[PDB]
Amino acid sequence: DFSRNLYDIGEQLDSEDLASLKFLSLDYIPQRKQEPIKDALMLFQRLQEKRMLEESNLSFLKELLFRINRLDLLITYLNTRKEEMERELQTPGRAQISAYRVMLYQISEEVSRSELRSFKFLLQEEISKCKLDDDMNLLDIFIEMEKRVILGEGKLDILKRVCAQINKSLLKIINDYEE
């Protein structure tokens, strides 16, 4: 009955919902595994194991479902309305998923696919201090690599490492040169 509900709910969660649910559960169900959670039932299995989900304790599951906007599943399988959840989670200290975690999730949802790619380039730059964007051509990069003294006549290692990962013909261009 509770078991039936968990399966019926699990059946309606797609791979996108699962990813979000796993992320929002990170402060409880640790990133670290080589036993990756591959569907919603496996996620529910671990929540039960951590004693955060059971017949008489649905509060974490309801909060998860609310935060990923599955209001359909909340009312259909848990007889729970939007406003019940709002009132619950507006009471200070009652939310189990931190506003921090929810905030990153909402960012994830707002980001376009081109914006995501910009995020990647912008992020790497913060760490590496090399400016890269979708519009740069390869020659300008070479010129930059040469100012970084990571590219040069006798410094083809990084170049070869990158090119070997990309295309056979490329690394052959390099190797043909080297003698």
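Heads up: residue numbers just count along the shown sequence, starting at 1.
*Asks:* Could you settle it for me: does 146-154 or 39-47 have the higher average Cα B factor in the PDB entry?
*Replies:* Between 146-154 and 39-47, it is 146-154.
*Asks:* Quick check on the record: does 18-26 or 156-164 carry the larger mean Cα temperature factor?
*Replies:* Of 18-26 and 156-164, the stretch with the higher C-alpha B-factor average is 156-164.
*Asks:* Can you pull the Cα B-factors for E63, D135, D140, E125 from the entry and say which is highest?
*Replies:* Answer for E63, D135, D140, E125: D135, with the highest C-alpha B-factor.
*Asks:* Can you tell me which third, lowest, middle or highest, the CA B-factor of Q90 falls into for its chain?
*Replies:* Highest third, going by the recorded CA B-factors of the chain.
*Asks:* Which third, lowest, middle or highest, does the CA B-factor of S59 fall in along this chain?
*Replies:* According to the entry, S59 has a C-alpha B-factor in the chain's lowest third.
*Asks:* C-alpha B factor of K129, ranked within the chain: lowest, middle or highest third?
*Replies:* Middle third.
*Asks:* Please rank the C-alpha B-factors of the chain's modelled residues and tell me whether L116 sits in the lowest, middle or highest third.
*Replies:* Its C-alpha B-factor belongs to the middle third of this chain's values.
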